[PDB]
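Undergrad: Sharing input.cif here; it has mmCIF, C-alpha atoms.
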```cif
data_entry
loop_
_atom_site.label_atom_id
_atom_site.label_comp_id
_atom_site.auth_asym_id
_atom_site.auth_seq_id
_atom_site.Cartn_x
_atom_site.Cartn_y
_atom_site.Cartn_z
CA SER A 667 0.00 0.00 0.00
CA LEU A 668 0.95 3.66 -0.25
CA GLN A 669 1.22 3.54 3.54
CA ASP A 670 3.94 0.92 3.12
CA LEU A 671 5.56 2.83 0.26
CA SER A 672 5.71 5.96 2.43
CA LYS A 673 6.90 3.91 5.43
CA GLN A 674 9.15 1.29 3.78
CA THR A 675 12.90 1.52 4.34
CA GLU A 676 14.39 0.00 1.16
CA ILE A 677 13.39 1.66 -2.14
CA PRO A 678 13.32 5.22 -3.53
CA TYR A 679 10.16 6.24 -5.38
CA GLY A 680 9.07 9.05 -7.65
CA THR A 681 7.19 10.02 -10.79
CA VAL A 682 7.42 12.06 -13.98
CA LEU A 683 8.04 15.78 -13.52
CA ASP A 684 5.13 18.22 -13.94
CA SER A 685 2.68 15.30 -14.09
CA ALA A 686 -0.87 15.61 -12.80
CA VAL A 687 0.25 12.98 -10.29
CA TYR A 688 3.19 15.12 -9.22
CA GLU A 689 0.85 18.12 -9.01
CA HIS A 690 -1.76 16.05 -7.11
CA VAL A 691 0.82 15.04 -4.50
CA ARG A 692 1.93 18.69 -4.40
CA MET A 693 -1.67 19.71 -3.70
CA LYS A 694 -1.71 17.18 -0.86
CA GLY A 695 1.77 18.19 0.36
CA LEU A 696 2.30 21.94 0.18
CA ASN A 697 -1.26 22.85 1.13
CA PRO A 698 -1.52 24.43 4.61
CA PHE A 699 -4.89 22.80 5.37
CA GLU A 700 -3.98 19.24 4.34
CA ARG A 701 -1.60 17.72 6.88
CA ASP A 702 -1.75 13.93 6.41
CA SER A 703 1.63 12.42 7.25
CA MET A 704 1.25 9.80 4.50
CA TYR A 705 0.73 12.23 1.62
CA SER A 706 3.17 14.80 3.03
CA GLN A 707 5.90 12.14 3.32
CA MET A 708 5.14 11.04 -0.24
CA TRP A 709 5.54 14.67 -1.29
CA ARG A 710 8.80 15.30 0.56
CA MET A 711 10.41 12.32 -1.17
CA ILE A 712 8.95 13.69 -4.41
CA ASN A 713 10.00 17.24 -3.43
CA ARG A 714 13.68 16.53 -2.73
CA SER A 715 16.00 18.91 -4.60
CA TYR B 814 9.91 14.35 12.33
CA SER B 815 10.18 10.78 11.00
CA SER B 816 11.44 8.31 13.61
CA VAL B 817 12.01 5.75 10.82
CA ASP B 818 15.75 5.08 11.01
CA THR B 819 16.03 2.73 8.05
CA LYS B 820 19.42 1.04 8.27
CA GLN B 821 19.16 -1.17 11.38
CA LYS B 822 16.74 -3.96 10.35
CA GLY B 823 19.26 -6.40 11.77
CA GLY B 824 22.99 -6.26 11.21
CA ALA B 825 26.37 -7.73 11.98
CA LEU B 826 28.09 -7.24 15.32
CA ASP B 827 30.53 -4.35 15.65
CA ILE B 828 33.90 -4.33 17.42
CA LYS B 829 32.58 -1.60 19.73
CA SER B 830 29.56 -3.77 20.60
CA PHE B 831 31.94 -6.67 21.37
CA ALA B 832 34.25 -4.55 23.55
CA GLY B 833 32.79 -5.98 26.77
CA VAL B 834 33.90 -9.48 25.76
CA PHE B 835 37.53 -8.48 25.18
CA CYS B 836 37.54 -6.91 28.66
CA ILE B 837 37.43 -10.42 30.18
CA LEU B 838 40.43 -11.59 28.15
CA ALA B 839 42.29 -8.38 29.00
CA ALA B 840 41.57 -8.87 32.71
CA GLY B 841 42.89 -12.42 32.39
CA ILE B 842 46.07 -11.19 30.71
CA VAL B 843 46.63 -8.56 33.41
CA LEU B 844 45.93 -10.98 36.25
CA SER B 845 48.21 -13.68 34.81
CA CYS B 846 51.04 -11.15 34.46
CA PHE B 847 50.45 -10.05 38.06
CA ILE B 848 50.42 -13.64 39.32
CA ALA B 849 53.58 -14.29 37.30
CA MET B 850 55.26 -11.49 39.28
CA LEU B 851 54.71 -13.43 42.51
CA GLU B 852 56.42 -16.62 41.32
CA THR B 853 59.07 -14.52 39.57
CA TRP B 854 59.99 -13.18 43.00
CA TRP B 855 59.46 -16.33 45.09
CA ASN B 856 61.57 -18.61 42.87
CA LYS B 857 64.46 -16.24 43.62
CA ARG B 858 64.03 -17.12 47.31
CA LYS B 859 63.54 -20.85 46.69
CA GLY B 860 66.61 -21.12 44.47
CA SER B 861 65.04 -24.38 43.29
CA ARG B 862 62.08 -25.78 41.37
#
```
Will you turn the file into structure tokens for me?
TA:
Amino acid sequence: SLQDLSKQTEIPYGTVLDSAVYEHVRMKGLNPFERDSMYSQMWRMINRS
Amino acid sequence: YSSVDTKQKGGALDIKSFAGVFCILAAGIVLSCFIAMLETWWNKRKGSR
């Protein structure tokens, strides 16, 4: 599950730049009202550099 | 924020984890040298085996 993927300890994950998936995770990550640890930890890994 | 330290899902032993074992051998070495001092003196008074 995405809970495992955001909590696993073995594999890096990501997606295509500027994708509607990337932007969807950005909308769940950078938003000040949304604060789910799962989505925000997905985003940070996607946000690195 | 994440407490997920990834690397330590098991592992080999480290010299610095094993240090407490070598302390017993070191204490044995020290004590055998010390005991050897006592015979090394006393045989000089015996002058014999």
Undergrad: Quick one: contact table of chain B to chain A, 10 Å max, nearest atom pair and distance in Å to one decimal per residue, counting all atoms listed in the file, chain and number order, as a Markdown table?
TA:
```
| residue | atom | partner | partner_atom | distance |
| --- | --- | --- | --- | --- |
| B:814 | CA | A:703 | CA | 9.9 |
| B:815 | CA | A:707 | CA | 8.9 |
| B:817 | CA | A:673 | CA | 7.7 |
| B:818 | CA | A:675 | CA | 8.1 |
| B:819 | CA | A:675 | CA | 5.0 |
| B:820 | CA | A:675 | CA | 7.6 |
| B:821 | CA | A:675 | CA | 9.8 |
| B:822 | CA | A:675 | CA | 9.0 |
```
Undergrad: Output, as JSON, the centre and edge lengths in Å (one decimal) of the axis-aligned box that contains all listed atoms of region 825-838 of chain B with 5 Å of margin on each side.
TA:
```
{"center_x": 33.4, "center_y": -6.6, "center_z": 21.1, "size_x": 24.1, "size_y": 20.0, "size_z": 28.2}
```
Undergrad: Would you mind reading off the distance between CA of residue 709 (chain A) and CA of residue 823 (chain B), one decimal, in Å?
TA: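 Spanning CA of residue 709 (chain A) to CA of residue 823 (chain B) is a straight-line distance of 28.3 Å.
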Undergrad: If you count all atoms listed in the file, which residues fall within 9 Å of residue 692 (chain A), apart from same-chain ones fewer than 4 positions away, as a PyMOL selection string?
TA: chain A and resi 687-688+696-697+705-706+709+712-713
Undergrad: Hey, what's within 8 Å of residue 708 (chain A) if we count all atoms listed in the file and toss same-chain stuff fewer than 3 positions away? As a VMD selection string, please?
TA: chain A and resid 672 691 695 704 to 705 711 to 712
Undergrad: As an exercise, work out the distance from CA of residue 689 (chain A) to CA of residue 816 (chain B) in Å and give it to one decimal place.
TA: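 Separating CA of residue 689 (chain A) from CA of residue 816 (chain B) is a distance of 26.8 Å.
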